[PDB]
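Novice: Can you read through this structure? Questions will come right after.
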Amino acid sequence: XXXXXXXXXXXXXXXXXXXXXXXXXXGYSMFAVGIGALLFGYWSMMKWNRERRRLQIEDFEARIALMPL
Amino acid sequence: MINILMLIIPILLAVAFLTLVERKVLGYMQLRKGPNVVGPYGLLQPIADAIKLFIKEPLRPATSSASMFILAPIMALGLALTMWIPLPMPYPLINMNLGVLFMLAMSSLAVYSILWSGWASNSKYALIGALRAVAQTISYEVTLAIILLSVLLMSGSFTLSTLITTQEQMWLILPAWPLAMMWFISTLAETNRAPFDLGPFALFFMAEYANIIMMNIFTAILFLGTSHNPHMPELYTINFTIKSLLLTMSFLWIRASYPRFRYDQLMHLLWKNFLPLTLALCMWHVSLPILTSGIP
(Lines give C-alpha, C1' and ligand atoms only; values in the text may rest on other atoms or scores of the structure.)
Protein backbone atom coordinates (compact mmCIF):
# COMPACT_ATOMS: atom_id res chain seq x y z
CA UNK A 1 0.00 0.00 0.00
CA UNK A 2 1.14 3.51 -0.89
CA UNK A 3 0.74 6.33 1.62
CA UNK A 4 1.14 9.93 0.50
CA UNK A 5 -0.07 13.41 1.49
CA UNK A 6 -3.86 13.57 1.42
CA UNK A 7 -5.99 16.41 0.08
CA UNK A 8 -8.37 18.33 2.35
CA UNK A 9 -10.24 21.58 1.72
CA UNK A 10 -13.49 21.29 3.74
CA UNK A 11 -14.56 24.96 3.98
CA UNK A 12 -12.04 26.43 1.47
CA UNK A 13 -11.29 29.23 4.03
CA UNK A 14 -13.55 31.61 2.00
CA UNK A 15 -11.70 33.19 -0.92
CA UNK A 16 -11.61 36.98 -0.42
CA UNK A 17 -14.25 38.11 2.07
CA UNK A 18 -14.83 41.67 3.27
CA UNK A 19 -14.48 42.26 7.00
CA UNK A 20 -14.57 46.07 6.99
CA UNK A 21 -18.08 47.36 7.66
CA UNK A 22 -19.76 50.40 9.21
CA UNK A 23 -20.19 50.00 12.97
CA UNK A 24 -21.64 52.14 15.79
CA UNK A 25 -21.55 55.49 13.95
CA UNK A 26 -23.97 56.13 11.09
CA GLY A 27 -23.40 59.78 10.17
CA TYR A 28 -26.24 62.13 11.13
CA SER A 29 -26.79 60.31 14.46
CA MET A 30 -23.26 61.13 15.69
CA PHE A 31 -23.90 64.89 15.28
CA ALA A 32 -27.04 64.60 17.46
CA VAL A 33 -24.85 63.22 20.29
CA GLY A 34 -21.84 65.42 19.37
CA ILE A 35 -23.54 68.84 19.29
CA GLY A 36 -26.02 67.51 21.91
CA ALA A 37 -23.14 67.12 24.40
CA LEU A 38 -22.07 70.72 23.67
CA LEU A 39 -25.55 72.18 24.39
CA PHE A 40 -25.71 70.09 27.58
CA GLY A 41 -22.14 71.25 28.34
CA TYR A 42 -22.82 75.01 28.32
CA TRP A 43 -26.15 74.78 30.21
CA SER A 44 -24.56 72.78 33.06
CA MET A 45 -21.48 75.05 33.24
CA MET A 46 -23.25 78.44 33.24
CA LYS A 47 -25.57 77.44 36.11
CA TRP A 48 -22.47 76.87 38.27
CA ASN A 49 -21.17 80.36 37.36
CA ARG A 50 -24.53 81.82 38.50
CA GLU A 51 -23.99 79.92 41.78
CA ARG A 52 -20.46 81.42 41.82
CA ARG A 53 -22.09 84.90 41.71
CA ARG A 54 -23.81 84.09 45.05
CA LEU A 55 -20.33 83.53 46.52
CA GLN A 56 -18.73 86.43 44.58
CA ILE A 57 -20.91 89.29 45.94
CA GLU A 58 -20.73 87.74 49.45
CA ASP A 59 -16.89 87.68 49.25
CA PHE A 60 -16.60 91.39 48.32
CA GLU A 61 -19.22 92.26 50.99
CA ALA A 62 -16.69 91.17 53.66
CA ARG A 63 -14.34 94.01 52.61
CA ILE A 64 -17.14 96.63 52.83
CA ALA A 65 -18.28 95.26 56.23
CA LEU A 66 -14.71 95.42 57.61
CA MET A 67 -13.85 99.06 58.35
CA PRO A 68 -11.70 98.50 61.50
CA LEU A 69 -9.38 96.63 59.08
CA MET B 1 11.51 73.69 52.65
CA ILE B 2 12.08 69.95 52.10
CA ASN B 3 9.14 69.35 49.70
CA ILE B 4 11.13 70.46 46.60
CA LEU B 5 13.34 67.34 46.95
CA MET B 6 10.08 65.36 47.36
CA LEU B 7 9.12 66.63 43.87
CA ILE B 8 12.40 65.94 42.00
CA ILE B 9 13.56 62.52 43.34
CA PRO B 10 10.19 60.69 42.96
CA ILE B 11 9.72 62.49 39.60
CA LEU B 12 13.13 61.32 38.28
CA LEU B 13 12.04 57.80 39.33
CA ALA B 14 8.77 58.28 37.39
CA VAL B 15 10.75 59.13 34.22
CA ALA B 16 13.01 56.11 34.94
CA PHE B 17 10.12 53.66 35.57
CA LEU B 18 8.51 54.89 32.31
CA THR B 19 10.90 52.54 30.44
CA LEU B 20 8.79 49.62 31.72
CA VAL B 21 5.49 51.25 30.61
CA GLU B 22 6.89 52.61 27.30
CA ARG B 23 7.67 49.08 25.98
CA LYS B 24 5.43 46.66 27.95
CA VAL B 25 2.12 48.49 27.34
CA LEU B 26 3.53 49.29 23.87
CA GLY B 27 4.59 45.61 23.81
CA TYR B 28 1.09 44.14 24.25
CA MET B 29 -0.07 46.53 21.49
CA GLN B 30 2.50 44.83 19.23
CA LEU B 31 1.91 41.33 20.76
CA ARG B 32 5.51 41.19 22.08
CA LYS B 33 6.75 40.62 25.64
CA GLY B 34 8.63 43.61 27.11
CA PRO B 35 10.79 43.43 30.28
CA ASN B 36 10.87 39.97 31.91
CA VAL B 37 14.43 38.59 32.31
CA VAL B 38 15.95 41.48 34.34
CA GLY B 39 13.46 41.55 37.26
CA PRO B 40 10.37 39.63 38.50
CA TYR B 41 8.37 41.54 35.87
CA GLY B 42 11.32 43.69 34.72
CA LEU B 43 11.26 46.18 37.62
CA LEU B 44 15.09 46.08 37.90
CA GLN B 45 15.67 47.30 34.30
CA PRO B 46 14.67 51.03 34.72
CA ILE B 47 17.37 51.57 37.40
CA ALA B 48 19.81 49.37 35.40
CA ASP B 49 19.65 51.82 32.46
CA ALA B 50 20.91 54.57 34.80
CA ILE B 51 24.03 52.58 35.85
CA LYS B 52 24.74 51.81 32.16
CA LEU B 53 24.64 55.37 30.76
CA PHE B 54 25.75 57.68 33.61
CA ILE B 55 28.89 56.06 35.09
CA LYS B 56 30.54 53.77 32.49
CA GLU B 57 29.52 55.34 29.13
CA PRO B 58 32.24 57.83 28.00
CA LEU B 59 32.13 60.95 25.79
CA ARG B 60 33.22 61.61 22.21
CA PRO B 61 32.22 65.20 21.21
CA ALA B 62 32.21 66.51 17.62
CA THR B 63 33.94 69.82 18.50
CA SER B 64 32.82 70.88 22.04
CA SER B 65 32.48 74.68 21.74
CA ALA B 66 33.63 75.84 25.22
CA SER B 67 30.30 76.37 27.08
CA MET B 68 27.74 74.66 24.78
CA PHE B 69 26.86 70.91 24.59
CA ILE B 70 27.57 70.78 28.35
CA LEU B 71 24.90 73.49 28.86
CA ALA B 72 22.03 72.19 26.68
CA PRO B 73 21.12 69.26 29.01
CA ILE B 74 20.93 71.74 31.95
CA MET B 75 18.34 73.75 29.97
CA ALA B 76 16.60 70.49 28.99
CA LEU B 77 16.33 68.96 32.49
CA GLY B 78 16.00 72.28 34.35
CA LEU B 79 12.99 73.57 32.40
CA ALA B 80 11.28 70.15 32.53
CA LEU B 81 11.62 69.92 36.34
CA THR B 82 10.61 73.55 37.07
CA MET B 83 7.25 72.89 35.33
CA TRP B 84 6.27 70.74 38.36
CA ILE B 85 6.33 73.77 40.73
CA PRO B 86 3.22 75.72 39.49
CA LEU B 87 1.13 72.49 39.28
CA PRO B 88 -2.06 72.76 41.43
CA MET B 89 -2.31 69.10 42.64
CA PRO B 90 -4.22 68.69 45.93
CA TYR B 91 -1.87 71.46 47.19
CA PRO B 92 0.76 73.40 45.15
CA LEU B 93 4.36 74.18 46.13
CA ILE B 94 4.76 78.00 46.24
CA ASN B 95 1.58 79.00 44.37
CA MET B 96 2.19 81.68 41.72
CA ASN B 97 0.14 84.89 41.34
CA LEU B 98 -0.95 83.57 37.92
CA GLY B 99 -0.72 79.83 37.17
CA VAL B 100 -1.02 78.96 33.45
CA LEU B 101 1.15 81.91 32.30
CA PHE B 102 4.11 80.26 34.08
CA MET B 103 3.18 76.93 32.42
CA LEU B 104 3.19 78.34 28.86
CA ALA B 105 6.39 80.35 29.52
CA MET B 106 8.66 77.47 30.62
CA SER B 107 7.39 75.31 27.72
CA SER B 108 8.18 78.09 25.20
CA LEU B 109 11.70 78.35 26.67
CA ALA B 110 12.01 74.53 26.43
CA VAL B 111 12.43 75.05 22.65
CA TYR B 112 16.06 76.10 23.38
CA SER B 113 16.97 72.53 24.47
CA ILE B 114 16.72 71.31 20.84
CA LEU B 115 18.21 74.62 19.55
CA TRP B 116 21.55 74.49 21.45
CA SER B 117 22.02 70.82 20.45
CA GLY B 118 21.95 71.91 16.79
CA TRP B 119 24.65 74.50 17.52
CA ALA B 120 26.78 71.92 19.36
CA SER B 121 27.57 70.03 16.13
CA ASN B 122 29.99 71.83 13.78
CA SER B 123 28.56 70.10 10.68
CA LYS B 124 25.88 71.56 8.38
CA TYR B 125 24.47 68.01 8.02
CA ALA B 126 22.86 68.08 11.50
CA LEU B 127 21.59 71.69 11.84
CA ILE B 128 19.10 71.50 8.91
CA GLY B 129 17.41 68.52 10.62
CA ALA B 130 17.71 70.36 13.96
CA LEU B 131 15.83 73.46 12.69
CA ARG B 132 13.14 71.14 11.28
CA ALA B 133 12.70 69.76 14.83
CA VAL B 134 12.33 73.35 16.13
CA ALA B 135 9.57 73.95 13.53
CA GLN B 136 7.58 71.00 14.95
CA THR B 137 7.53 72.62 18.42
CA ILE B 138 7.43 76.36 17.54
CA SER B 139 4.36 76.13 15.26
CA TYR B 140 2.09 74.20 17.66
CA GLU B 141 2.82 76.67 20.50
CA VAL B 142 0.77 79.29 18.57
CA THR B 143 -2.40 77.15 18.84
CA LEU B 144 -1.50 75.89 22.35
CA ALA B 145 -1.90 79.48 23.62
CA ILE B 146 -5.28 79.90 21.85
CA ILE B 147 -6.91 76.65 23.12
CA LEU B 148 -5.69 77.53 26.65
CA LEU B 149 -7.43 80.94 26.57
CA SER B 150 -10.78 79.48 25.41
CA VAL B 151 -10.86 77.17 28.47
CA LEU B 152 -9.91 80.09 30.76
CA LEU B 153 -12.49 82.48 29.23
CA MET B 154 -15.22 79.91 30.05
CA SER B 155 -14.35 79.91 33.78
CA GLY B 156 -11.59 80.98 36.19
CA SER B 157 -8.56 83.28 36.07
CA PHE B 158 -4.99 82.20 35.15
CA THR B 159 -4.51 80.60 38.61
CA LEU B 160 -4.41 76.79 38.50
CA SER B 161 -6.05 76.39 41.94
CA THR B 162 -9.30 78.00 40.68
CA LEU B 163 -9.51 75.48 37.80
CA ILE B 164 -10.17 72.62 40.27
CA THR B 165 -13.02 74.49 42.05
CA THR B 166 -14.92 75.24 38.80
CA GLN B 167 -15.14 71.49 38.01
CA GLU B 168 -17.48 70.52 40.86
CA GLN B 169 -20.29 68.54 39.16
CA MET B 170 -19.30 68.02 35.49
CA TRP B 171 -16.02 67.79 33.52
CA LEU B 172 -14.83 70.45 31.03
CA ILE B 173 -14.63 67.82 28.23
CA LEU B 174 -18.39 68.19 27.54
CA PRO B 175 -18.58 72.01 27.07
CA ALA B 176 -15.22 72.03 25.22
CA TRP B 177 -15.88 69.04 22.94
CA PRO B 178 -13.78 70.01 19.87
CA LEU B 179 -11.14 71.71 22.09
CA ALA B 180 -10.49 68.50 24.09
CA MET B 181 -9.66 66.71 20.81
CA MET B 182 -7.00 69.38 20.10
CA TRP B 183 -5.04 68.73 23.33
CA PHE B 184 -4.61 65.06 22.35
CA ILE B 185 -2.74 66.13 19.17
CA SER B 186 -1.06 69.48 20.04
CA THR B 187 0.85 68.06 23.05
CA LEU B 188 2.42 65.30 20.91
CA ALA B 189 4.39 67.92 18.92
CA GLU B 190 6.85 68.51 21.79
CA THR B 191 9.28 65.62 21.02
CA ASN B 192 6.83 62.76 21.71
CA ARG B 193 7.66 61.04 18.36
CA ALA B 194 4.08 60.04 17.43
CA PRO B 195 2.85 62.45 14.73
CA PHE B 196 6.35 63.65 13.68
CA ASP B 197 9.92 62.73 14.68
CA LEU B 198 13.37 64.22 14.05
CA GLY B 199 26.10 60.63 28.70
CA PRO B 200 24.48 64.01 27.81
CA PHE B 201 22.46 62.20 25.09
CA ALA B 202 20.95 60.03 27.86
CA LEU B 203 20.02 63.19 29.82
CA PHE B 204 17.74 64.30 26.95
CA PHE B 205 15.69 61.10 27.42
CA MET B 206 15.20 62.01 31.11
CA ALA B 207 13.92 65.45 30.01
CA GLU B 208 11.78 64.55 26.95
CA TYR B 209 9.84 61.77 28.74
CA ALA B 210 9.36 64.16 31.71
CA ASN B 211 7.35 66.52 29.47
CA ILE B 212 5.12 63.58 28.42
CA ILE B 213 3.94 63.10 32.04
CA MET B 214 3.68 66.92 32.34
CA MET B 215 1.24 67.19 29.42
CA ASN B 216 -0.75 64.21 30.79
CA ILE B 217 -1.20 65.97 34.16
CA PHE B 218 -1.96 69.39 32.59
CA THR B 219 -4.74 67.86 30.44
CA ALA B 220 -6.17 66.27 33.63
CA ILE B 221 -6.53 69.76 35.20
CA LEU B 222 -8.01 71.68 32.23
CA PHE B 223 -10.51 68.94 31.30
CA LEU B 224 -10.69 66.47 34.22
CA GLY B 225 -11.55 67.05 37.90
CA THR B 226 -14.57 65.00 39.12
CA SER B 227 -14.35 66.13 42.79
CA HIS B 228 -12.38 68.54 45.01
CA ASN B 229 -12.98 67.70 48.74
CA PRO B 230 -10.82 70.05 50.91
CA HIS B 231 -11.50 68.07 54.13
CA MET B 232 -10.33 64.75 52.63
CA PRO B 233 -6.94 64.87 50.82
CA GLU B 234 -6.97 61.03 50.64
CA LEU B 235 -9.80 60.81 48.06
CA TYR B 236 -8.26 63.37 45.66
CA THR B 237 -4.71 61.88 45.57
CA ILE B 238 -5.79 58.40 44.38
CA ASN B 239 -8.44 59.66 41.91
CA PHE B 240 -6.05 62.15 40.24
CA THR B 241 -3.36 59.51 39.54
CA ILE B 242 -5.76 57.10 37.75
CA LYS B 243 -7.03 59.91 35.46
CA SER B 244 -3.44 60.89 34.54
CA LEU B 245 -2.43 57.24 33.90
CA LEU B 246 -5.28 56.76 31.39
CA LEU B 247 -3.94 59.72 29.37
CA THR B 248 -0.42 58.21 29.53
CA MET B 249 -1.81 55.10 27.76
CA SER B 250 -3.24 57.30 24.98
CA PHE B 251 0.18 58.98 24.51
CA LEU B 252 1.76 55.56 23.88
CA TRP B 253 -1.26 54.59 21.74
CA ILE B 254 -0.41 57.12 18.98
CA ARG B 255 3.29 56.09 19.02
CA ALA B 256 2.45 52.46 18.12
CA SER B 257 -0.77 52.70 16.06
CA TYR B 258 -0.17 55.60 13.66
CA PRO B 259 2.58 56.43 11.08
CA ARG B 260 4.36 59.81 10.74
CA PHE B 261 2.36 62.61 9.08
CA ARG B 262 5.31 64.07 7.05
CA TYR B 263 6.92 67.43 7.94
CA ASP B 264 5.26 69.29 5.03
CA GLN B 265 1.78 67.91 5.80
CA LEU B 266 2.29 68.66 9.51
CA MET B 267 2.04 72.26 8.26
CA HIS B 268 -1.13 71.24 6.37
CA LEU B 269 -2.84 69.76 9.46
CA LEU B 270 -1.88 72.84 11.49
CA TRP B 271 -1.84 76.41 10.02
CA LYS B 272 -3.83 75.43 6.90
CA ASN B 273 -6.52 73.45 8.76
CA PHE B 274 -6.20 73.68 12.58
CA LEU B 275 -5.60 77.46 12.92
CA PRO B 276 -8.87 78.39 11.14
CA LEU B 277 -10.67 75.82 13.36
CA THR B 278 -9.13 76.89 16.71
CA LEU B 279 -9.77 80.61 16.14
CA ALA B 280 -13.40 79.95 15.11
CA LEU B 281 -13.86 78.15 18.45
CA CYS B 282 -11.99 81.04 20.12
CA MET B 283 -14.51 83.41 18.49
CA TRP B 284 -17.26 81.19 19.95
CA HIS B 285 -15.64 81.24 23.42
CA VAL B 286 -15.54 85.07 23.50
CA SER B 287 -19.34 85.20 23.05
CA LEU B 288 -20.10 82.50 25.69
CA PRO B 289 -19.60 84.60 28.89
CA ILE B 290 -21.54 87.47 27.22
CA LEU B 291 -24.48 85.35 25.94
CA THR B 292 -24.87 83.72 29.38
CA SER B 293 -23.38 84.99 32.68
CA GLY B 294 -20.02 83.25 33.20
CA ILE B 295 -17.39 85.45 34.87
CA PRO B 296 -15.04 84.42 37.75
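In the C-alpha coordinates, the first chain shown is A, the next is B, and so on; residue numbers restart at 1 for each chain, and ligands run from 1 in the order shown.
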Give me, as JSON lines, each residue of chain B that comes within 9 Å of chain A, together with its shortest interatomic pair and the distance in Å at one decimal, counting only C-alpha atoms, with rows ordered by chain and rising residue number.

Specialist:
```
{"residue": "B:154", "atom": "CA", "partner": "A:45", "partner_atom": "CA", "distance": 8.5}
{"residue": "B:155", "atom": "CA", "partner": "A:49", "partner_atom": "CA", "distance": 7.7}
{"residue": "B:166", "atom": "CA", "partner": "A:48", "partner_atom": "CA", "distance": 7.7}
{"residue": "B:167", "atom": "CA", "partner": "A:45", "partner_atom": "CA", "distance": 8.7}
{"residue": "B:168", "atom": "CA", "partner": "A:48", "partner_atom": "CA", "distance": 8.5}
{"residue": "B:169", "atom": "CA", "partner": "A:44", "partner_atom": "CA", "distance": 8.6}
{"residue": "B:170", "atom": "CA", "partner": "A:44", "partner_atom": "CA", "distance": 7.5}
{"residue": "B:171", "atom": "CA", "partner": "A:41", "partner_atom": "CA", "distance": 8.7}
{"residue": "B:172", "atom": "CA", "partner": "A:41", "partner_atom": "CA", "distance": 7.8}
{"residue": "B:173", "atom": "CA", "partner": "A:41", "partner_atom": "CA", "distance": 8.3}
{"residue": "B:174", "atom": "CA", "partner": "A:41", "partner_atom": "CA", "distance": 4.9}
{"residue": "B:175", "atom": "CA", "partner": "A:41", "partner_atom": "CA", "distance": 3.9}
{"residue": "B:176", "atom": "CA", "partner": "A:38", "partner_atom": "CA", "distance": 7.1}
{"residue": "B:177", "atom": "CA", "partner": "A:38", "partner_atom": "CA", "distance": 6.5}
{"residue": "B:288", "atom": "CA", "partner": "A:42", "partner_atom": "CA", "distance": 8.4}
{"residue": "B:289", "atom": "CA", "partner": "A:46", "partner_atom": "CA", "distance": 8.4}
{"residue": "B:292", "atom": "CA", "partner": "A:46", "partner_atom": "CA", "distance": 6.7}
{"residue": "B:293", "atom": "CA", "partner": "A:46", "partner_atom": "CA", "distance": 6.6}
{"residue": "B:294", "atom": "CA", "partner": "A:49", "partner_atom": "CA", "distance": 5.2}
{"residue": "B:295", "atom": "CA", "partner": "A:49", "partner_atom": "CA", "distance": 6.8}
{"residue": "B:296", "atom": "CA", "partner": "A:49", "partner_atom": "CA", "distance": 7.4}
```

Novice: Which distance in Å separates atom CA of residue 134 of chain B and atom CA of residue 87 of chain B, to one decimal?

Specialist: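 Separation of atom CA of residue 134 of chain B and atom CA of residue 87 of chain B: 25.7 Å.
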
Novice: Between atom CA of residue 131 of chain B and atom CA of residue 112 of chain B, measure the distance and give it in Å to one decimal.

Specialist: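 It comes out at 11.0 Å.
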
Novice: Rounded to one decimal in Å, what is the spacing between atom CA of residue 270 of chain B and atom CA of residue 140 of chain B?

Specialist: 7.5 Å

Novice: Hey, what's within 9 Å of residue 54 of chain B if we count only C-alpha atoms and toss same-chain stuff fewer than 3 positions away? As a list in words, please?

Specialist: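 My list of contacting residues is residues 49, 50, 51, 57, 58, 199, 200, 202 and 203 of chain B.
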
Novice: Output N, CA and C atoms of each residue in that selection to a file, as a CSV table (one decimal), in the first residue's frame.

Specialist:
```
chain,number,residue,atom,x,y,z
B,49,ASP,N,19.3,50.9,33.6
B,49,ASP,CA,19.6,51.8,32.5
B,49,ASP,C,20.4,53.0,32.9
B,50,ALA,N,20.2,53.5,34.2
B,50,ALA,CA,20.9,54.6,34.8
B,50,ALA,C,22.4,54.3,35.1
B,51,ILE,N,22.7,53.0,35.5
B,51,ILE,CA,24.0,52.6,35.8
B,51,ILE,C,24.8,52.4,34.6
B,57,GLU,N,29.6,54.8,30.5
B,57,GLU,CA,29.5,55.3,29.1
B,57,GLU,C,30.3,56.7,29.0
B,58,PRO,N,31.4,56.7,28.2
B,58,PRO,CA,32.2,57.8,28.0
B,58,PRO,C,31.7,58.8,26.9
B,199,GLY,N,25.8,59.6,27.7
B,199,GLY,CA,26.1,60.6,28.7
B,199,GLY,C,25.1,61.8,28.7
B,200,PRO,N,25.4,62.9,28.0
B,200,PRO,CA,24.5,64.0,27.8
B,200,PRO,C,23.3,63.7,26.9
B,202,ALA,N,21.8,60.7,26.9
B,202,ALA,CA,21.0,60.0,27.9
B,202,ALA,C,20.1,61.0,28.7
B,203,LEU,N,20.7,62.2,29.0
B,203,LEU,CA,20.0,63.2,29.8
B,203,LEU,C,18.8,63.8,29.1
```
